[PDB]
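Chemist: Handing you a structure now.
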Amino acid sequence: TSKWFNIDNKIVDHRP
Amino acid sequence: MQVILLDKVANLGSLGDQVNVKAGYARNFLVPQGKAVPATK
Amino acid sequence: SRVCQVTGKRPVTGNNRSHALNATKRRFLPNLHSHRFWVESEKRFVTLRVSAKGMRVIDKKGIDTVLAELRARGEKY
Amino acid sequence: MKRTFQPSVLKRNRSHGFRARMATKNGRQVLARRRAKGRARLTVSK
RNA sequence: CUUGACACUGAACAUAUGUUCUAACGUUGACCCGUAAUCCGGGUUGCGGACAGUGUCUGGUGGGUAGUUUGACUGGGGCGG
RNA sequence: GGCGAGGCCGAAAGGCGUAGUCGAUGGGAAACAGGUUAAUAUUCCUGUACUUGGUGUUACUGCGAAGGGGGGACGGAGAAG
RNA sequence: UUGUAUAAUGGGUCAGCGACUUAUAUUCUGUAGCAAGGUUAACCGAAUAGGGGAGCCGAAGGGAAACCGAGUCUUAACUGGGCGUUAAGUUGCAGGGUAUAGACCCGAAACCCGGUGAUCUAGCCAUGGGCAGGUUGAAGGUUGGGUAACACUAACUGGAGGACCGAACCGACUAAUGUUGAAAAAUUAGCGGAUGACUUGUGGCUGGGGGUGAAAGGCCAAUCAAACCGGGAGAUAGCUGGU
RNA sequence: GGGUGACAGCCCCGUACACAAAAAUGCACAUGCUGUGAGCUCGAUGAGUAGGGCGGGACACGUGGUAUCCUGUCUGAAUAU
RNA sequence: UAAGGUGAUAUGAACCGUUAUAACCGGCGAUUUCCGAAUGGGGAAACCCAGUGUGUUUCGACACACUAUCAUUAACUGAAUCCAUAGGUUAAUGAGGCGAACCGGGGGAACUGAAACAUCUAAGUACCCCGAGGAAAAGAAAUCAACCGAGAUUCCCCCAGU
Ligand SMILES: N[C@@H](Cc1c[nH]c2ccccc12)C(=O)O
Ligand SMILES: [Mg+2]
Ligand SMILES: [Mg+2]
Ligand SMILES: [Mg+2]
Ligand SMILES: [Mg+2]
Ligand SMILES: [Mg+2]
Ligand SMILES: [Mg+2]
Ligand SMILES: [Mg+2]
Ligand SMILES: [Mg+2]
Ligand SMILES: [Mg+2]
Ligand SMILES: [Mg+2]
Ligand SMILES: [Mg+2]
Ligand SMILES: [Mg+2]
Ligand SMILES: [Mg+2]
Ligand SMILES: [Mg+2]
Ligand SMILES: [Mg+2]
Ligand SMILES: [Mg+2]
Ligand SMILES: [Mg+2]
Ligand SMILES: [Mg+2]
Ligand SMILES: [Mg+2]
Ligand SMILES: [Mg+2]
Ligand SMILES: [Mg+2]
Ligand SMILES: [Mg+2]
Ligand SMILES: [Mg+2]
Ligand SMILES: [Mg+2]
Ligand SMILES: [Mg+2]
Ligand SMILES: [Mg+2]
Ligand SMILES: [Mg+2]
Ligand SMILES: [Mg+2]
Ligand SMILES: [Mg+2]
Ligand SMILES: [Mg+2]
Ligand SMILES: [Mg+2]
Ligand SMILES: [Mg+2]
Ligand SMILES: [Mg+2]
Ligand SMILES: [Mg+2]
Ligand SMILES: [Mg+2]
Ligand SMILES: [Mg+2]
Ligand SMILES: [Mg+2]
Ligand SMILES: [Mg+2]
Ligand SMILES: [Mg+2]
Ligand SMILES: [Mg+2]
Ligand SMILES: [Mg+2]
Ligand SMILES: [Mg+2]
Ligand SMILES: [Mg+2]
Ligand SMILES: [Mg+2]
Ligand SMILES: [Mg+2]
């Protein structure tokens with residue numbers, strides 16, 4: 001499936 | 001509705017006589033209680 | 001079912017057409033009523049689910065004739 | 001962790017068994033589809 | 001959901017209205033029968049009664065629900081123009 | 001809770017439901033100790049028991065239900081013998 | 001792409017597969033036949049022959065039309081003017097383009113239709129089980145004082161509570177570890193409830209614009225601002241990649 | 001057409017052709033039984049129907065100047081002059 | 001029809017047959033457990049439990065047959081209610097379920113196209129349901145035509161992308 005650090009929100013939305 | 005009275009109902013006509021009555025009055029009262037036969041001939 | 005016992009009228013489908021012609025499905029239902037007809041041949045009251053057009057057919061033709069027709073078509077009453 | 005399959009033969013057979021398939025009208029359609037495919041096993045009974 | 005017209009839906013009387021009646025119709029009142037049965041059907045009676053309810057047509061209301069619209073330019077977009 | 005003869009209802013398929021008939025997680029008769037096999041035993045063996053039903057003799061005798069009654073038949077907590 | 005060594009995209013490499021096609025109609029070109037003509041379709045024929053000329057295109061145009069016709073229309077009529085006469089077509093085969101079909105290939109999020117799902121979870125219904133141990137001491141009661149009778153009070157008794165401390169059991173507040181883990185949500189050390197609006201076993205019921213929800217758009221089989229499965233379906237894609 | 005130790009007209013199975021059915025059955029005839037009635041004369045000519053009002057649908061025809069067909073509701077003839 | 005044969009992986013053992021009961025092929029028959037429309041009741045398919053009637057027993061029991069529902073017809077019986085009806089019992093006949101497509105009918109979308117979208121299209125398509133057949137449906141003018149005529153229905157090519 002998918003990696004947890006890609007599902008996470010604090011590190012994915014790192015540069016809004 | 002044209003109906004032939006077979007009795008005397010004093011309200012509308014005499015015995016053996018053709019007269020115009022309302023359809024429900026012929027259907028529900030007269031024909032189920034005698035007193036009238038439709039003009040089938 | 002909403003089927004007339006005498007004339008066989010059943011619901012039919014059509015459309016609601018508005019002022020802007022928007023078509024949506026709808027049903028036309030017959031004017032069914034359960035009426036007790038006095039049959040003289042049997043000295044009996046027979047209850048029929050019949051429309052008002054069917055009631056007019058009853059009054060024209062005679063209850064005995066349409067009871068014979070119903071018995072020929074096989075449905076109970 | 002409690003997972004989604006907690007098996008029970010009685011509930012299995014009342015849900016997906018042959019008599020429940022024949023009881024509902026669309027279950028007979030399911031059996032028709034599986035027979036037309038040619039499955040070795042139609043329902044969960046065997 | 002609601003309003004009216006026509007149908008199922010009838011009869012007298014008084015000035016469309018009002019009063020009165022039973023036979024359509026309703027009864028999720030009582031009793032009897034099918035029947036070993038709080039469904040259903042038939043019968044008698046009682047209470048309503050041409051009212052209610054339903055069908056076709058019809059005006060109102062109707063984010064309860066549905067289908068969609070909500071422009072472009074633009075020293076990024078919106079606001080302004 | 002399910003299915004459901006007739007039945008009531010619904011464009012068709014089907015929805016509900018009476019009589020019934022299924023459905024335990026509950027109610028309903030009766031076995032214990034010792035020993036044994038590589039692997040079974042309240043099941044086999046030894047010892048001692050118990051239950052229900054059919055048949056046949058004996059004695060007395062009003063038996064019989066789909067019906068009436070009793071019973072089965074029921075909570076929480078606590079305290080002590 | 002204005003522009004890539006670009007630190008912009010794609011590719012670990014090999015081998016096999018992978019993207020302008022097909023049918024019908026129409027216009028243009030080349031070529032072949034016949035030529036003011038060309039050619040048949042369905043069908044008959046055992047017949048790739050032959051029959052079949054039903055039709056279609058062309059040899060005549062102008063006008064909205066009647067109508068006129070190498071003319072016609074406009075206008076009451078043109079010295080006029082517009083459109084025409086002043087240039088050969090047609091039927092195959094091959095090709096370019098177009099049109100309808102998926103129309104060069106792969107790719108959505110979504111919409112609709114019919115079913116399979118409450119063995120996880122939400123709620124409810126039926127019927128069974130569980131909660132070591134230790135505290136606190138409400139109402140009520142008995143005796144005594146007290147009152148005209150109550151009221152009030154002391155001791156003994158009693159055993160209330162969505163009561164208290166704490167295992168089972170239920171949960172999940174903090175920290176570290178783990179994060180290609182022992183584990184697609186746990187371990188360790190502490191933490192909250194623990195006779196109740198408690199928790200649990202077996203079985204049943206509620207279905208997708210629907211259920212259930214002490215309400216977080218939460219949960220409905222590791223999926224939920226509308227489940228999963230098959231179908232309309234090769235949806236559509238003025239967008240990206242490849243050719 | 002296939003096979004045979006490599007490519008077969010003449011090695012094998014086959015093919016063209018000519019035959020074959022005790023039993024069951026299809027078809028086209030002919031023929032019994034059962035059921036059915038033809039020929040001639042006179043008479044009759046499908047009524048809640050056609051049509052109409054309202055709402056829809058089908059016709060290539062989207063209510064348009066809209067013919068025609070079907071009908072959910074309400075009515076309703078002529079009938080061979 | 002035959003000198004070979006007892007199906008295959010798959011040998012082996014024991015055999016059968018060689019001029020016609022070996023084996024192989026075809027027609028007709030026989031047997032055909034249990035589930036399944038499932039049909040005696042029930043059921044968690046391939047299982048549990050019977051009622052009735054014959055017949056046999058070694059007295060323990062055993063074998064066979066029938067018993068679903070609905071429709072039509074007939075007989076017998078029969079309520080509230082006096083005749084009758086409703087109902088009940090039996091007998092006979094028929095149906096049910098499965099199947100690729102085609103066919104008639106009852107319901108009936110949306111994505112999509114319109115370069116948005118709502119009338120419109122997609123489309124009476126997909127899909128659901130009912131029924132029938134070897135085909136179905138339609139069919140013998142209350143039809144067209146045009147002052148002349150044709151002569152039921154169905155299907156193909158034109159008319160005409162008019
Ligand atoms: N990383 C943690 C938490 C986690 C699980 N799944 C996730 C998805 C998204 C973000 C975090 C997580 C773990 O592996 O257990
Ligand atoms: Mg109520
Ligand atoms: Mg909205
Ligand atoms: Mg939008
Ligand atoms: Mg802009
Ligand atoms: Mg700006
Ligand atoms: Mg029950
Ligand atoms: Mg029934
Ligand atoms: Mg039910
Ligand atoms: Mg029982
Ligand atoms: Mg039990
Ligand atoms: Mg052991
Ligand atoms: Mg460039
Ligand atoms: Mg750039
Ligand atoms: Mg450079
Ligand atoms: Mg580099
Ligand atoms: Mg690069
Ligand atoms: Mg890119
Ligand atoms: Mg890369
Ligand atoms: Mg011309
Ligand atoms: Mg949408
Ligand atoms: Mg559950
Ligand atoms: Mg507490
Ligand atoms: Mg929780
Ligand atoms: Mg938390
Ligand atoms: Mg812990
Ligand atoms: Mg506490
Ligand atoms: Mg505690
Ligand atoms: Mg929110
Ligand atoms: Mg989940
Ligand atoms: Mg949605
Ligand atoms: Mg499509
Ligand atoms: Mg696609
Ligand atoms: Mg070789
Ligand atoms: Mg006629
Ligand atoms: Mg009409
Ligand atoms: Mg008209
Ligand atoms: Mg059964
Ligand atoms: Mg059985
Ligand atoms: Mg039983
Ligand atoms: Mg059949
Ligand atoms: Mg849309
Ligand atoms: Mg569009
Ligand atoms: Mg578009
Ligand atoms: Mg026919
Ligand atoms: Mg003529």
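Residues are referred to by chain and number: the chain letter is A, B, ... according to the order shown in the structure tokens, the number counts from 1 in that chain, and ligands are numbered separately from 1 in the order shown.
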Give me the residues near region 40-57 of chain E as a PDB file with C-alpha atoms (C1' of nucleotides), in the first residue's frame, where near means some atom within 10 Å (using only C-alpha atoms (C1' of nucleotides)) and where sequence neighbours in that chain fewer than 3 positions away do not count.
Modeler:
ATOM      1  CA  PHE C  28     -52.078   7.530 -13.704  1.00  0.00           C
ATOM      2  CA  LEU C  29     -54.164   5.513 -11.362  1.00  0.00           C
ATOM      3  CA  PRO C  30     -57.706   4.301 -12.072  1.00  0.00           C
ATOM      4  CA  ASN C  31     -60.639   5.597 -10.040  1.00  0.00           C
ATOM      5  CA  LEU C  32     -61.077   2.345  -8.148  1.00  0.00           C
ATOM      6  CA  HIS C  33     -63.778   1.807  -5.543  1.00  0.00           C
ATOM      7  CA  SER C  51     -63.699   1.844 -11.380  1.00  0.00           C
ATOM      8  CA  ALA C  52     -66.386   4.425 -12.045  1.00  0.00           C
TER       9      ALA C  52
ATOM     10  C1'   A E   5     -64.230  21.136  -9.750  1.00  0.00           C
ATOM     11  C1'   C E   6     -65.989  16.513 -11.647  1.00  0.00           C
ATOM     12  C1'   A E   7     -66.618  11.005 -10.233  1.00  0.00           C
ATOM     13  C1'   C E   8     -67.731   7.035  -6.457  1.00  0.00           C
ATOM     14  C1'   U E   9     -72.771  10.123  -4.497  1.00  0.00           C
ATOM     15  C1'   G E  10     -78.256   9.498  -2.682  1.00  0.00           C
ATOM     16  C1'   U E  22     -81.122   5.812   5.073  1.00  0.00           C
ATOM     17  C1'   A E  24     -73.882   4.090  -1.153  1.00  0.00           C
ATOM     18  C1'   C E  25     -69.573   4.517   1.913  1.00  0.00           C
ATOM     19  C1'   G E  26     -66.378   4.290   6.960  1.00  0.00           C
ATOM     20  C1'   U E  27     -66.068   1.681  11.590  1.00  0.00           C
ATOM     21  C1'   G E  29     -67.611  -0.712  18.662  1.00  0.00           C
ATOM     22  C1'   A E  30     -70.523  -5.365  20.397  1.00  0.00           C
ATOM     23  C1'   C E  31     -72.073 -10.428  19.304  1.00  0.00           C
ATOM     24  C1'   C E  32     -72.438 -15.178  15.837  1.00  0.00           C
ATOM     25  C1'   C E  33     -70.209 -18.387  12.062  1.00  0.00           C
ATOM     26  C1'   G E  34     -65.778 -20.495   8.722  1.00  0.00           C
TER      27        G E  34
ATOM     28  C1'   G F   6     -55.957 -19.349   3.022  1.00  0.00           C
ATOM     29  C1'   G F   7     -55.772 -13.864   3.368  1.00  0.00           C
ATOM     30  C1'   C F   8     -54.961  -8.142   3.015  1.00  0.00           C
ATOM     31  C1'   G F  17     -49.488 -11.511   8.125  1.00  0.00           C
ATOM     32  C1'   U F  18     -53.672 -15.627  10.721  1.00  0.00           C
TER      33        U F  18
ATOM     34  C1'   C H  54     -58.895  17.792 -19.439  1.00  0.00           C
ATOM     35  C1'   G H  55     -53.537  15.163 -18.702  1.00  0.00           C
ATOM     36  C1'   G H  72     -55.777   7.759 -16.851  1.00  0.00           C
ATOM     37  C1'   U H  73     -60.379  10.890 -15.765  1.00  0.00           C
ATOM     38  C1'   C H  74     -65.412  12.970 -17.276  1.00  0.00           C
TER      39        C H  74
ATOM     40  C1'   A I  80     -74.159 -17.736  10.997  1.00  0.00           C
ATOM     41  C1'   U I  81     -79.657 -18.978   8.223  1.00  0.00           C
ATOM     42  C1'   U I  85     -73.935 -20.074  -0.508  1.00  0.00           C
ATOM     43  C1'   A I  86     -69.008 -19.689   1.911  1.00  0.00           C
TER      44        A I  86
END
Chemist: Using only C-alpha atoms (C1' of nucleotides), determine which residues lie at most 12 Å from residue 23 (chain H), disregarding the query and same-chain residues fewer than 5 positions distant; provide the list as a PDB file with N, CA and C atoms (P, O5', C5', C4', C3', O3' and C1' of nucleotides), in the first residue's frame.
Modeler:
ATOM      1  P     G I  26     -22.069 -46.535 -30.022  1.00  0.00           P
ATOM      2  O5'   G I  26     -23.333 -47.031 -30.848  1.00  0.00           O
ATOM      3  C5'   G I  26     -23.753 -46.338 -32.010  1.00  0.00           C
ATOM      4  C4'   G I  26     -24.894 -47.038 -32.702  1.00  0.00           C
ATOM      5  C3'   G I  26     -26.172 -47.212 -31.907  1.00  0.00           C
ATOM      6  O3'   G I  26     -26.955 -46.037 -31.824  1.00  0.00           O
ATOM      7  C1'   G I  26     -25.658 -49.228 -32.997  1.00  0.00           C
ATOM      8  P     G I  27     -27.943 -45.831 -30.577  1.00  0.00           P
ATOM      9  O5'   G I  27     -29.197 -46.743 -30.920  1.00  0.00           O
ATOM     10  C5'   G I  27     -30.028 -46.434 -32.022  1.00  0.00           C
ATOM     11  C4'   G I  27     -31.125 -47.452 -32.192  1.00  0.00           C
ATOM     12  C3'   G I  27     -31.980 -47.720 -30.973  1.00  0.00           C
ATOM     13  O3'   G I  27     -32.957 -46.725 -30.747  1.00  0.00           O
ATOM     14  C1'   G I  27     -31.379 -49.762 -31.962  1.00  0.00           C
ATOM     15  P     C I  28     -33.328 -46.298 -29.247  1.00  0.00           P
ATOM     16  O5'   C I  28     -34.131 -47.547 -28.680  1.00  0.00           O
ATOM     17  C5'   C I  28     -35.349 -47.959 -29.280  1.00  0.00           C
ATOM     18  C4'   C I  28     -35.730 -49.353 -28.855  1.00  0.00           C
ATOM     19  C3'   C I  28     -36.087 -49.517 -27.394  1.00  0.00           C
ATOM     20  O3'   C I  28     -37.416 -49.120 -27.132  1.00  0.00           O
ATOM     21  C1'   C I  28     -34.632 -51.258 -28.060  1.00  0.00           C
ATOM     22  P     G I  29     -37.772 -48.320 -25.793  1.00  0.00           P
ATOM     23  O5'   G I  29     -38.024 -49.475 -24.732  1.00  0.00           O
ATOM     24  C5'   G I  29     -37.257 -49.548 -23.545  1.00  0.00           C
ATOM     25  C4'   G I  29     -37.139 -50.967 -23.061  1.00  0.00           C
ATOM     26  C3'   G I  29     -36.755 -51.128 -21.603  1.00  0.00           C
ATOM     27  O3'   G I  29     -37.859 -50.997 -20.729  1.00  0.00           O
ATOM     28  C1'   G I  29     -35.375 -52.499 -22.913  1.00  0.00           C
TER      29        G I  29
END
Chemist: Would you mind listing the residues within 9 Å of ligand 14, counting only C-alpha atoms (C1' of nucleotides) and all ligand atoms, as a list in words?
Modeler: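 So, counting only C-alpha atoms (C1' of nucleotides) and all ligand atoms, the residues near ligand 14 are residues 1, 2 and 3 of chain G.
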Chemist: Emit the selected residues as a PDB file, in the first residue's frame, including N, CA, C and O atoms (P, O5', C5', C4', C3', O3' and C1' of nucleotides).
Modeler:
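After the write, again_14.pdb holds the following:
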ATOM      1  P     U G   1       5.448  22.389 -25.275  1.00  0.00           P
ATOM      2  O5'   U G   1       6.097  23.620 -24.528  1.00  0.00           O
ATOM      3  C5'   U G   1       6.981  24.483 -25.217  1.00  0.00           C
ATOM      4  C4'   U G   1       8.030  25.051 -24.300  1.00  0.00           C
ATOM      5  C3'   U G   1       8.808  26.222 -24.855  1.00  0.00           C
ATOM      6  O3'   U G   1       8.132  27.449 -24.709  1.00  0.00           O
ATOM      7  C1'   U G   1      10.302  24.639 -23.979  1.00  0.00           C
ATOM      8  P     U G   2       7.922  28.373 -25.988  1.00  0.00           P
ATOM      9  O5'   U G   2       9.367  28.968 -26.238  1.00  0.00           O
ATOM     10  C5'   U G   2       9.669  29.722 -27.391  1.00  0.00           C
ATOM     11  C4'   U G   2      11.015  30.372 -27.262  1.00  0.00           C
ATOM     12  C3'   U G   2      12.141  29.481 -26.782  1.00  0.00           C
ATOM     13  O3'   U G   2      12.719  28.744 -27.832  1.00  0.00           O
ATOM     14  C1'   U G   2      12.185  31.535 -25.620  1.00  0.00           C
ATOM     15  P     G G   3      12.832  27.162 -27.720  1.00  0.00           P
ATOM     16  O5'   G G   3      14.064  26.927 -26.747  1.00  0.00           O
ATOM     17  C5'   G G   3      15.394  27.174 -27.169  1.00  0.00           C
ATOM     18  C4'   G G   3      16.260  27.602 -26.015  1.00  0.00           C
ATOM     19  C3'   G G   3      16.599  26.537 -24.994  1.00  0.00           C
ATOM     20  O3'   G G   3      17.674  25.714 -25.400  1.00  0.00           O
ATOM     21  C1'   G G   3      15.928  28.514 -23.892  1.00  0.00           C
TER      22        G G   3
END
Chemist: Could you give me, as a Markdown table, a per-residue list for chain B showing, wherever an atom lies at most 10 Å from an atom of chain C, the closest pair of atoms and their distance in Å to one decimal, using only C-alpha atoms and sorting by chain then residue number from low to high?
Modeler:
| residue | atom | partner | partner_atom | distance |
| --- | --- | --- | --- | --- |
| B:1 | CA | C:59 | CA | 9.7 |
| B:23 | CA | C:59 | CA | 8.5 |
| B:26 | CA | C:59 | CA | 9.6 |
| B:27 | CA | C:59 | CA | 7.7 |
| B:28 | CA | C:37 | CA | 8.3 |
| B:31 | CA | C:38 | CA | 8.1 |
| B:32 | CA | C:38 | CA | 5.8 |
| B:33 | CA | C:38 | CA | 9.3 |
| B:34 | CA | C:40 | CA | 9.9 |
| B:38 | CA | C:59 | CA | 8.9 |
| B:40 | CA | C:60 | CA | 8.6 |
Chemist: Quick check for you: according to DSSP on this backbone, which residues of chain B are classed as helix (DSSP H, G or I)? Reply as an MDAnalysis selection string.
Modeler: chainID B and resid 23:33
Chemist: List the neighbours of region 3-14 of chain A out to 12 Å using only C-alpha atoms (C1' of nucleotides); skip same-chain residues closer than 4 positions along the sequence, and give me the result as a list in words.
Modeler: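 Non-adjacent residues within range: residues 179, 180, 184 and 185 of chain G.
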Chemist: Can those selected residues be exported to a file as a PDB file, in the first residue's frame so that it contains N, CA, C and O atoms (P, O5', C5', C4', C3', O3' and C1' of nucleotides)?
Modeler:
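What landed in out.pdb:
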ATOM      1  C1'   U G 179       8.449   3.265  12.129  1.00  0.00           C
ATOM      2  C3'   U G 179       9.410   2.003  10.364  1.00  0.00           C
ATOM      3  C4'   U G 179       9.213   1.125  11.596  1.00  0.00           C
ATOM      4  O3'   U G 179       8.324   1.803   9.464  1.00  0.00           O
ATOM      5  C5'   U G 179      10.443   0.389  12.043  1.00  0.00           C
ATOM      6  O5'   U G 179      11.457   1.267  12.493  1.00  0.00           O
ATOM      7  P     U G 179      12.685   0.719  13.330  1.00  0.00           P
ATOM      8  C1'   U G 180      11.653  -1.492   5.154  1.00  0.00           C
ATOM      9  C3'   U G 180      11.005  -2.579   7.183  1.00  0.00           C
ATOM     10  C4'   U G 180      10.058  -1.464   6.802  1.00  0.00           C
ATOM     11  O3'   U G 180      10.322  -3.720   7.669  1.00  0.00           O
ATOM     12  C5'   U G 180       9.507  -0.631   7.924  1.00  0.00           C
ATOM     13  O5'   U G 180       8.525   0.284   7.462  1.00  0.00           O
ATOM     14  P     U G 180       8.568   1.818   7.878  1.00  0.00           P
ATOM     15  P     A G 184       1.648  -6.380  10.437  1.00  0.00           P
ATOM     16  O5'   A G 184       0.763  -5.109  10.097  1.00  0.00           O
ATOM     17  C5'   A G 184       1.066  -3.844  10.659  1.00  0.00           C
ATOM     18  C4'   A G 184       0.189  -2.747  10.114  1.00  0.00           C
ATOM     19  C3'   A G 184      -1.296  -2.892  10.366  1.00  0.00           C
ATOM     20  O3'   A G 184      -1.664  -2.374  11.624  1.00  0.00           O
ATOM     21  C1'   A G 184      -0.928  -2.386   8.099  1.00  0.00           C
ATOM     22  P     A G 185      -2.223  -3.331  12.773  1.00  0.00           P
ATOM     23  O5'   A G 185      -2.142  -2.428  14.073  1.00  0.00           O
ATOM     24  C5'   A G 185      -0.957  -2.391  14.853  1.00  0.00           C
ATOM     25  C4'   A G 185      -0.965  -1.261  15.850  1.00  0.00           C
ATOM     26  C3'   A G 185      -2.242  -1.122  16.678  1.00  0.00           C
ATOM     27  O3'   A G 185      -1.915  -0.723  18.004  1.00  0.00           O
ATOM     28  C1'   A G 185      -1.805   0.894  15.549  1.00  0.00           C
TER      29        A G 185
END
Chemist: Please tabulate, as CSV, the residues of chain I that come within 10 Å of ligand 46, each with its closest pair of atoms and the distance in Å to one decimal, counting only C-alpha atoms (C1' of nucleotides) and all ligand atoms and ordering rows by chain, then residue number upward.
Modeler:
residue,atom,partner,partner_atom_place_in_ligand_line,distance
I:147,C1',ligand 46,1 (Mg),9.3
I:148,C1',ligand 46,1 (Mg),9.1
I:149,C1',ligand 46,1 (Mg),7.2
I:150,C1',ligand 46,1 (Mg),10.0
Chemist: Could you list, as a list in words, all residues that come within 12 Å of ligand 26? Count only C-alpha atoms (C1' of nucleotides) and all ligand atoms.
Modeler: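 The distance check yields residues 171, 172, 173, 174, 186, 187, 188, 189, 190, 191 and 192 of chain G.
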Chemist: Show me which residues line ligand 19, defined as having an atom within 9 Å of a ligand atom where only C-alpha atoms (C1' of nucleotides) and all ligand atoms count, and present them as a PDB file with C-alpha atoms (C1' of nucleotides), in the first residue's frame.
Modeler:
ATOM      1  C1'   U G   9      10.524  14.803 -16.968  1.00  0.00           C
ATOM      2  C1'   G G  10      11.169   9.324 -18.101  1.00  0.00           C
ATOM      3  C1'   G G  11      14.101   4.955 -18.007  1.00  0.00           C
TER       4        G G  11
END
